[PDB]
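Text of entry_8.tsv (TSV, C-alpha atoms (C1' of nucleotides)) as supplied:
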chain	number	residue	atom	x	y	z
A	402	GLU	CA	-16.37	-1.02	33.56
A	403	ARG	CA	-13.10	-0.90	35.47
A	404	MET	CA	-14.91	0.11	38.65
A	405	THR	CA	-15.63	-3.62	39.07
A	406	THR	CA	-12.67	-5.44	37.52
A	407	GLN	CA	-10.12	-3.42	39.47
A	408	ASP	CA	-9.40	-4.72	42.94
A	409	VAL	CA	-10.73	-2.71	45.85
A	410	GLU	CA	-8.41	-1.05	48.43
A	411	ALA	CA	-5.94	-0.48	45.60
A	412	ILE	CA	-7.39	2.05	43.16
A	413	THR	CA	-7.63	5.79	42.83
A	414	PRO	CA	-9.13	8.24	40.31
A	415	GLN	CA	-5.72	8.47	38.67
A	416	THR	CA	-6.18	4.76	37.93
A	417	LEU	CA	-9.85	5.09	37.07
A	418	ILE	CA	-10.23	8.10	34.78
A	419	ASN	CA	-9.30	7.72	31.12
A	420	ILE	CA	-8.87	11.11	29.46
A	421	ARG	CA	-8.14	9.72	25.99
A	422	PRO	CA	-11.80	9.49	24.81
A	423	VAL	CA	-12.42	12.95	26.27
A	424	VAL	CA	-9.59	14.68	24.40
A	425	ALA	CA	-10.49	12.78	21.24
A	426	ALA	CA	-14.04	14.15	21.24
A	427	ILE	CA	-12.83	17.74	21.46
A	428	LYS	CA	-10.24	17.17	18.75
A	429	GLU	CA	-12.85	15.61	16.46
A	430	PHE	CA	-15.17	18.52	17.08
A	431	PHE	CA	-12.72	21.32	16.34
A	432	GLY	CA	-11.22	19.26	13.54
A	433	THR	CA	-13.57	17.82	10.89
A	434	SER	CA	-17.01	19.11	11.74
A	435	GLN	CA	-19.24	21.20	9.52
A	436	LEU	CA	-19.64	23.82	12.25
A	437	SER	CA	-15.93	24.12	13.07
A	438	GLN	CA	-15.56	26.12	9.92
A	439	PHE	CA	-12.42	27.58	8.42
A	440	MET	CA	-12.05	31.28	9.24
A	441	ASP	CA	-13.08	33.22	6.14
A	442	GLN	CA	-10.93	36.32	6.46
A	443	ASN	CA	-10.37	38.06	3.16
A	444	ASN	CA	-11.39	41.38	4.77
A	445	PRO	CA	-12.49	42.51	8.26
A	446	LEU	CA	-16.15	42.54	7.22
A	447	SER	CA	-16.19	38.86	6.27
A	448	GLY	CA	-14.05	38.17	9.30
A	449	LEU	CA	-16.79	39.69	11.42
A	450	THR	CA	-19.60	38.17	9.38
B	1	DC	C1'	-71.47	-23.78	13.51
B	2	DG	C1'	-66.80	-21.69	11.46
B	3	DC	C1'	-65.53	-19.71	6.44
B	4	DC	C1'	-63.39	-15.70	2.57
B	5	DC	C1'	-63.14	-12.25	0.38
B	6	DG	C1'	-63.52	-6.60	-1.25
B	7	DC	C1'	-61.59	-1.77	0.27
B	8	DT	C1'	-58.16	0.55	3.66
B	9	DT	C1'	-54.09	1.45	5.56
B	10	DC	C1'	-49.24	0.73	6.49
B	11	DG	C1'	-44.98	0.28	4.85
B	12	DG	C1'	-41.27	0.40	1.63
B	13	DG	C1'	-38.12	1.49	-2.40
B	14	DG	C1'	-36.76	5.58	-5.86
B	15	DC	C1'	-35.89	10.30	-6.93
B	16	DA	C1'	-35.36	14.83	-6.40
B	17	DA	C1'	-29.36	19.81	-11.97
B	18	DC	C1'	-25.82	21.60	-13.36
B	19	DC	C1'	-20.45	23.94	-13.97
B	20	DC	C1'	-15.98	24.57	-10.06
B	21	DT	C1'	-14.17	23.41	-4.93
B	22	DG	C1'	-12.20	20.36	-2.20
B	23	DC	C1'	-7.43	16.14	-0.73
B	24	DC	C1'	-5.29	11.54	4.29
B	25	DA	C1'	-11.15	8.87	9.33
B	26	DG	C1'	-10.01	4.11	16.11
B	27	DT	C1'	-8.10	0.90	20.58
B	28	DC	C1'	-5.73	-3.19	26.01
B	29	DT	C1'	-3.81	-9.33	31.55
B	30	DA	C1'	0.89	-11.11	28.75
B	31	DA	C1'	3.73	-13.24	27.80
B	32	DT	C1'	7.13	-18.07	27.48
B	33	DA	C1'	8.73	-22.32	24.62
B	34	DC	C1'	10.04	-24.49	20.44
B	35	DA	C1'	10.46	-25.47	15.86
B	36	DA	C1'	10.39	-24.55	10.66
B	37	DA	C1'	11.53	-21.27	7.64
B	38	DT	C1'	14.07	-17.57	5.94
B	39	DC	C1'	17.66	-14.71	5.38
B	40	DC	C1'	22.26	-12.73	5.41
B	41	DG	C1'	27.35	-12.71	5.85
B	42	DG	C1'	31.58	-14.80	4.78
B	43	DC	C1'	34.94	-17.75	2.06
B	44	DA	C1'	35.35	-20.82	-2.06
B	45	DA	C1'	34.65	-23.56	-6.41
B	46	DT	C1'	34.97	-21.07	-10.39
B	47	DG	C1'	35.09	-19.83	-15.70
B	48	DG	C1'	33.26	-16.26	-18.42
B	49	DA	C1'	33.67	-11.75	-19.62
B	50	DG	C1'	36.42	-8.12	-20.32
B	51	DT	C1'	41.22	-5.81	-21.06
B	52	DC	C1'	45.93	-4.99	-22.53
B	53	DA	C1'	50.42	-5.88	-25.00
B	54	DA	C1'	52.40	-7.55	-28.70
B	55	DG	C1'	52.79	-8.89	-33.07
B	56	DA	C1'	51.94	-10.82	-37.72
B	57	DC	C1'	49.74	-9.47	-41.38
B	58	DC	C1'	48.31	-7.20	-45.47
B	59	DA	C1'	48.03	-3.82	-49.34
B	60	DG	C1'	47.67	0.69	-50.39
B	61	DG	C1'	49.09	6.21	-50.36
B	62	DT	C1'	54.19	8.71	-49.92
B	63	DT	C1'	58.85	9.34	-51.32
B	64	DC	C1'	63.84	8.18	-53.57
B	65	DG	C1'	66.72	5.81	-57.81
As structure tokens, how would this structure be written, given the file I've shared?
Amino acid sequence: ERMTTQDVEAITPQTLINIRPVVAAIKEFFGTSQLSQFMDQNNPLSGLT
DNA sequence: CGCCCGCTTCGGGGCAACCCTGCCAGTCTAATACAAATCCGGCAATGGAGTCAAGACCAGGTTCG
């Protein structure tokens, strides 16, 4: 999107790349997903299992 | 000639147990300019509401003649 609206001979990948949707996807995977489960450690066997 | 209807299939809504147990989800042209409304801060009319000091006032329980 901003590869066009930005003026040429002025921009740089510091001004192009937005890391905020990237970091949000990782944080919404490790938080609040039904595979990012809470570590069930009431003994070493269930910790392993 | 074009005209219409009986089975077939395609789709579409409804339902599929019950106790506990858990707890808070997203993104960009950017500012001026002005006016009505609102609000809040400070004296300034209070007079009402409370507070004290003083006393007058009884009429009854306590003591002397």
May I have a table of the residues of chain B lying at most 12 Å from chain A, giving each one's closest pair of atoms and their distance in Å to one decimal, counting only C-alpha atoms (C1' of nucleotides), ordered by chain and ascending residue number, as JSON lines?
{"residue": "B:25", "atom": "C1'", "partner": "A:433", "partner_atom": "CA", "distance": 9.4}
{"residue": "B:26", "atom": "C1'", "partner": "A:425", "partner_atom": "CA", "distance": 10.1}
{"residue": "B:27", "atom": "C1'", "partner": "A:422", "partner_atom": "CA", "distance": 10.3}
{"residue": "B:29", "atom": "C1'", "partner": "A:406", "partner_atom": "CA", "distance": 11.4}
Requested in this report: Work out how far CA of residue 402 (chain A) is from CA of residue 414 (chain A), in Å to one decimal.
Outcome: 13.6 Å
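In this model, the gap between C1' of residue 17 (chain B) and CA of residue 435 (chain A) comes to 23.8 Å.
What separates CA of residue 406 (chain A) from CA of residue 427 (chain A) is a distance of 28.2 Å.
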Can you rebuild region 407-438 of chain A with N, CA and C atoms and give it as a PDB file, in the frame of the given file?
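Contents of the output file part_6.pdb:
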ATOM      1  N   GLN A 407     -11.210  -3.810  38.592  1.00  0.00           N
ATOM      2  CA  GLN A 407     -10.120  -3.420  39.470  1.00  0.00           C
ATOM      3  C   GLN A 407     -10.374  -3.905  40.884  1.00  0.00           C
ATOM      4  N   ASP A 408      -9.294  -4.269  41.564  1.00  0.00           N
ATOM      5  CA  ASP A 408      -9.400  -4.720  42.940  1.00  0.00           C
ATOM      6  C   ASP A 408      -9.583  -3.554  43.895  1.00  0.00           C
ATOM      7  N   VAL A 409     -10.434  -3.756  44.883  1.00  0.00           N
ATOM      8  CA  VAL A 409     -10.730  -2.710  45.850  1.00  0.00           C
ATOM      9  C   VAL A 409      -9.545  -2.574  46.800  1.00  0.00           C
ATOM     10  N   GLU A 410      -9.494  -1.441  47.516  1.00  0.00           N
ATOM     11  CA  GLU A 410      -8.410  -1.050  48.430  1.00  0.00           C
ATOM     12  C   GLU A 410      -7.079  -0.912  47.702  1.00  0.00           C
ATOM     13  N   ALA A 411      -7.139  -0.665  46.398  1.00  0.00           N
ATOM     14  CA  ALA A 411      -5.940  -0.480  45.600  1.00  0.00           C
ATOM     15  C   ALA A 411      -6.027   0.688  44.635  1.00  0.00           C
ATOM     16  N   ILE A 412      -7.215   1.173  44.305  1.00  0.00           N
ATOM     17  CA  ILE A 412      -7.390   2.050  43.160  1.00  0.00           C
ATOM     18  C   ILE A 412      -7.706   3.466  43.596  1.00  0.00           C
ATOM     19  N   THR A 413      -7.618   4.358  42.627  1.00  0.00           N
ATOM     20  CA  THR A 413      -7.630   5.790  42.830  1.00  0.00           C
ATOM     21  C   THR A 413      -8.132   6.403  41.526  1.00  0.00           C
ATOM     22  N   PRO A 414      -8.665   7.628  41.559  1.00  0.00           N
ATOM     23  CA  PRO A 414      -9.130   8.240  40.310  1.00  0.00           C
ATOM     24  C   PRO A 414      -8.046   8.504  39.283  1.00  0.00           C
ATOM     25  N   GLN A 415      -6.774   8.505  39.673  1.00  0.00           N
ATOM     26  CA  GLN A 415      -5.720   8.470  38.670  1.00  0.00           C
ATOM     27  C   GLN A 415      -5.750   7.156  37.904  1.00  0.00           C
ATOM     28  N   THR A 416      -6.074   6.059  38.584  1.00  0.00           N
ATOM     29  CA  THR A 416      -6.180   4.760  37.930  1.00  0.00           C
ATOM     30  C   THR A 416      -7.553   4.487  37.357  1.00  0.00           C
ATOM     31  N   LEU A 417      -8.532   5.340  37.621  1.00  0.00           N
ATOM     32  CA  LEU A 417      -9.850   5.090  37.070  1.00  0.00           C
ATOM     33  C   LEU A 417     -10.115   5.900  35.803  1.00  0.00           C
ATOM     34  N   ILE A 418      -9.817   7.189  35.837  1.00  0.00           N
ATOM     35  CA  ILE A 418     -10.230   8.100  34.780  1.00  0.00           C
ATOM     36  C   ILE A 418      -9.358   7.899  33.557  1.00  0.00           C
ATOM     37  N   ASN A 419      -9.993   7.740  32.400  1.00  0.00           N
ATOM     38  CA  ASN A 419      -9.300   7.720  31.120  1.00  0.00           C
ATOM     39  C   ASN A 419      -9.646   8.998  30.372  1.00  0.00           C
ATOM     40  N   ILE A 420      -8.641   9.833  30.127  1.00  0.00           N
ATOM     41  CA  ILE A 420      -8.870  11.110  29.460  1.00  0.00           C
ATOM     42  C   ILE A 420      -8.740  11.016  27.951  1.00  0.00           C
ATOM     43  N   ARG A 421      -8.301   9.873  27.431  1.00  0.00           N
ATOM     44  CA  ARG A 421      -8.140   9.720  25.990  1.00  0.00           C
ATOM     45  C   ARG A 421      -9.445   9.790  25.184  1.00  0.00           C
ATOM     46  N   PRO A 422     -10.591   9.214  25.591  1.00  0.00           N
ATOM     47  CA  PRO A 422     -11.800   9.490  24.810  1.00  0.00           C
ATOM     48  C   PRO A 422     -12.342  10.892  24.988  1.00  0.00           C
ATOM     49  N   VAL A 423     -11.961  11.585  26.057  1.00  0.00           N
ATOM     50  CA  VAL A 423     -12.420  12.950  26.270  1.00  0.00           C
ATOM     51  C   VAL A 423     -11.708  13.875  25.295  1.00  0.00           C
ATOM     52  N   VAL A 424     -10.381  13.768  25.229  1.00  0.00           N
ATOM     53  CA  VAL A 424      -9.590  14.680  24.400  1.00  0.00           C
ATOM     54  C   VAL A 424      -9.857  14.394  22.927  1.00  0.00           C
ATOM     55  N   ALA A 425     -10.210  13.146  22.616  1.00  0.00           N
ATOM     56  CA  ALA A 425     -10.490  12.780  21.240  1.00  0.00           C
ATOM     57  C   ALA A 425     -11.784  13.409  20.752  1.00  0.00           C
ATOM     58  N   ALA A 426     -12.772  13.546  21.638  1.00  0.00           N
ATOM     59  CA  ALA A 426     -14.040  14.150  21.240  1.00  0.00           C
ATOM     60  C   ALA A 426     -13.881  15.627  20.935  1.00  0.00           C
ATOM     61  N   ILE A 427     -13.074  16.331  21.726  1.00  0.00           N
ATOM     62  CA  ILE A 427     -12.830  17.740  21.460  1.00  0.00           C
ATOM     63  C   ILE A 427     -12.034  17.910  20.178  1.00  0.00           C
ATOM     64  N   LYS A 428     -11.052  17.035  19.954  1.00  0.00           N
ATOM     65  CA  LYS A 428     -10.240  17.170  18.750  1.00  0.00           C
ATOM     66  C   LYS A 428     -11.034  16.800  17.506  1.00  0.00           C
ATOM     67  N   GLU A 429     -12.017  15.914  17.618  1.00  0.00           N
ATOM     68  CA  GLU A 429     -12.850  15.610  16.460  1.00  0.00           C
ATOM     69  C   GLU A 429     -14.051  16.531  16.370  1.00  0.00           C
ATOM     70  N   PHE A 430     -14.251  17.416  17.340  1.00  0.00           N
ATOM     71  CA  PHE A 430     -15.170  18.520  17.080  1.00  0.00           C
ATOM     72  C   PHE A 430     -14.469  19.651  16.362  1.00  0.00           C
ATOM     73  N   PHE A 431     -13.374  20.158  16.934  1.00  0.00           N
ATOM     74  CA  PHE A 431     -12.720  21.320  16.340  1.00  0.00           C
ATOM     75  C   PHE A 431     -12.060  20.985  15.018  1.00  0.00           C
ATOM     76  N   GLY A 432     -11.620  19.749  14.845  1.00  0.00           N
ATOM     77  CA  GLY A 432     -11.220  19.260  13.540  1.00  0.00           C
ATOM     78  C   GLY A 432     -12.344  18.401  12.982  1.00  0.00           C
ATOM     79  N   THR A 433     -12.648  18.621  11.701  1.00  0.00           N
ATOM     80  CA  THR A 433     -13.570  17.820  10.890  1.00  0.00           C
ATOM     81  C   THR A 433     -14.983  17.798  11.493  1.00  0.00           C
ATOM     82  N   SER A 434     -15.585  18.977  11.517  1.00  0.00           N
ATOM     83  CA  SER A 434     -17.010  19.110  11.740  1.00  0.00           C
ATOM     84  C   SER A 434     -17.506  20.287  10.934  1.00  0.00           C
ATOM     85  N   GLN A 435     -18.722  20.176  10.417  1.00  0.00           N
ATOM     86  CA  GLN A 435     -19.240  21.200   9.520  1.00  0.00           C
ATOM     87  C   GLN A 435     -19.774  22.422  10.257  1.00  0.00           C
ATOM     88  N   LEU A 436     -19.490  22.562  11.549  1.00  0.00           N
ATOM     89  CA  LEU A 436     -19.640  23.820  12.250  1.00  0.00           C
ATOM     90  C   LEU A 436     -18.323  24.400  12.713  1.00  0.00           C
ATOM     91  N   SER A 437     -17.254  23.617  12.711  1.00  0.00           N
ATOM     92  CA  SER A 437     -15.930  24.120  13.070  1.00  0.00           C
ATOM     93  C   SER A 437     -15.236  24.698  11.839  1.00  0.00           C
ATOM     94  N   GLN A 438     -15.869  25.716  11.272  1.00  0.00           N
ATOM     95  CA  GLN A 438     -15.560  26.120   9.920  1.00  0.00           C
ATOM     96  C   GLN A 438     -14.249  26.896   9.850  1.00  0.00           C
TER      97      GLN A 438
END
